[PDB]
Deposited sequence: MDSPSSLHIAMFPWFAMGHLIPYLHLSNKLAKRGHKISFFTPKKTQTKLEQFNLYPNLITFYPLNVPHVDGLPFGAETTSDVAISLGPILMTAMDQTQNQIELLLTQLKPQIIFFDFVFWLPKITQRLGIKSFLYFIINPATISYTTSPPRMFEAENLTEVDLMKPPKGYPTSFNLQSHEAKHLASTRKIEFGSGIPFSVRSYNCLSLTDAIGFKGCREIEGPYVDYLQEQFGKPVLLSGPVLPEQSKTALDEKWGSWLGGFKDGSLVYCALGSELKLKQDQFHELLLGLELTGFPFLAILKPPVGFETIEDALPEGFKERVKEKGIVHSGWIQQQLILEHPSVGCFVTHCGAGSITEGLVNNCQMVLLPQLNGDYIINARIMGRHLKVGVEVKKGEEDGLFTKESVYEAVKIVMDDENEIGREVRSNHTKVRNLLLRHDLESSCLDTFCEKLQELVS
């Protein structure tokens, strides 16, 4: 029988988009989806709704919170430092969420962040905490062994995995320092960041993650053993095709370059670089001599790309490089045959989009636990990309380190480049295997049915 599932993702494009990809896959199997979205953002989401008769959007008014910029609805609307205020606004949607659940009466609600399970169990609805970040990240920072240390968890503590963690990788000093401090910072309604997610993990009926057994399996197993409740896998949430073909302006421009010759660089929809690293990144791309398309916000303190470019940059790169601030159809750009290299901030959505395509991956994780852990897994475990080197204590890169990583992967005679290409091909063949995503969804839907039994 078909399930009625409500979707309540965090107010961020990197959560809304894969939640909607998954919504489409579930609607193809006959399930009815009630998709909760901030009101103005719904217009930008319609392009991803392939089953409008089964997936219905329900708008949420993002409430005012002192400090939240007027009209803001997603993390793409606010500086990263204002994310906690947007979380307070999510928390404050509780009244309109309660109303929606009582009228719509879904069997299950998928959610982020809102530690909701008390309301749903009052209403006889099953709560499902559904992550689109890596379960390796949650396992590393939010498993019970980490939370019982409370404020005694130091940077030295975070240089080791928690007890029982299933794999090994290394963090740099500045990364463990970042994890140790930001963990304690309030993220919405006075709740420390890791406490919030741990409360969600503890109070929800079941947990799910984007991913497959072959890659995410050890982490989901560890989390199931630690929290003693089902931790499901949805499959890798392969991107669905959009109803909008590639913008002719980009299609024309990309089509002027030889196959596999262009370096595409994008650091997602949320973050802004500081000027000095913006300069180092752009000079590093220029040094390679390959054509490039860099999708970047103007750096901190600047309002236009033009004002922040290194001196003489436009004049030198001419028509071979574009640095662009606006939202583009990244999934369609990565499919274009001109693209030979993807310099990625290692957001989990961008990683999936890179892996299912042919571009060589250069890993430039920004300062966020999931980006860093995705980068270590991709660079050291799957070995599908080359990571740009950062200073151990300062977390900064040089233009020469960007140049070096791109040069390695784009050099047909470089054996590291050939290696990461071969490994990437193996991972793409896995993720696109004719029965991989379907058998993940088969198991996923069987366990959701068990949950509502």
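J.: Which deposited-sequence positions, grouped into ranges, are missing C-alpha coordinates?
T.: In the chain as deposited, 1 to 4, 120 carry no coordinates.
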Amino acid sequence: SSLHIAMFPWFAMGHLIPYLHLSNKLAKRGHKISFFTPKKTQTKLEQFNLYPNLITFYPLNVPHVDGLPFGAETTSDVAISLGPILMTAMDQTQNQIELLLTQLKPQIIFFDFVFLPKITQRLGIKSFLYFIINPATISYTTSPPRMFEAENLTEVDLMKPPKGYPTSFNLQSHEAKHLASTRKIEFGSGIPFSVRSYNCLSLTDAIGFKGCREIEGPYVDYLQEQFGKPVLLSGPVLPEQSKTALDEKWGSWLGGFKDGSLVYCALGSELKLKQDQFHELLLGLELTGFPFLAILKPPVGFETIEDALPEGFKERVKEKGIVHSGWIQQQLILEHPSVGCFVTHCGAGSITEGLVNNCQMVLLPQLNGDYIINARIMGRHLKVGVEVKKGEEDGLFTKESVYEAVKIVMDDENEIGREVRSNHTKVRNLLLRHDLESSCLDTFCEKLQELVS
From here on, numbers count along this sequence of modelled residues.
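J.: Look up the CA B-factors in the entry and say which stretch, 105 to 113 or 345 to 353, has the higher mean.
T.: Higher mean C-alpha B-factor: 105 to 113.
J.: Tell me which of 382 to 390 and 46 to 54 has the higher mean C-alpha B-factor in the deposited entry.
T.: Taking the mean C-alpha B-factor of 382 to 390 and of 46 to 54, the larger value falls to 46 to 54.
J.: Per the entry's Cα B factor values, which of 369, 144, 235, 164 stands out as the maximum?
T.: Checking the PDB record, the top C-alpha B-factor among 369, 144, 235, 164 is at 164.
J.: Quick one: which of 204, 121, 173, 134 has the biggest Cα B-factor according to the entry?
T.: Of the candidates given, the C-alpha B-factor peaks at 121.
J.: Just say lowest, middle or highest third for the CA B-factor of residue 422 relative to the other modelled residues in its chain.
T.: For residue 422, whose C-alpha B-factor we compare with every modelled residue in the chain, the answer is the middle third.
J.: Sorting the chain's modelled residues by C-alpha B-factor, tell me whether residue 38 ends up in the lowest, middle or highest third.
T.: It falls in the middle third of the chain.
J.: Can you tell me which third, lowest, middle or highest, the CA B-factor of residue 314 falls into for its chain?
T.: As the PDB entry reports it, the C-alpha B-factor of residue 314 lands in the highest third of its chain.
J.: For residue 95, does the deposited CA B-factor place it in the lowest, middle or highest third of the chain?
T.: Residue 95: CA B-factor falls in the highest third of its chain.
J.: How does residue 244 rank on Cα B-factor within its chain, lowest, middle or highest third?
T.: Highest third, going by the recorded CA B-factors of the chain.
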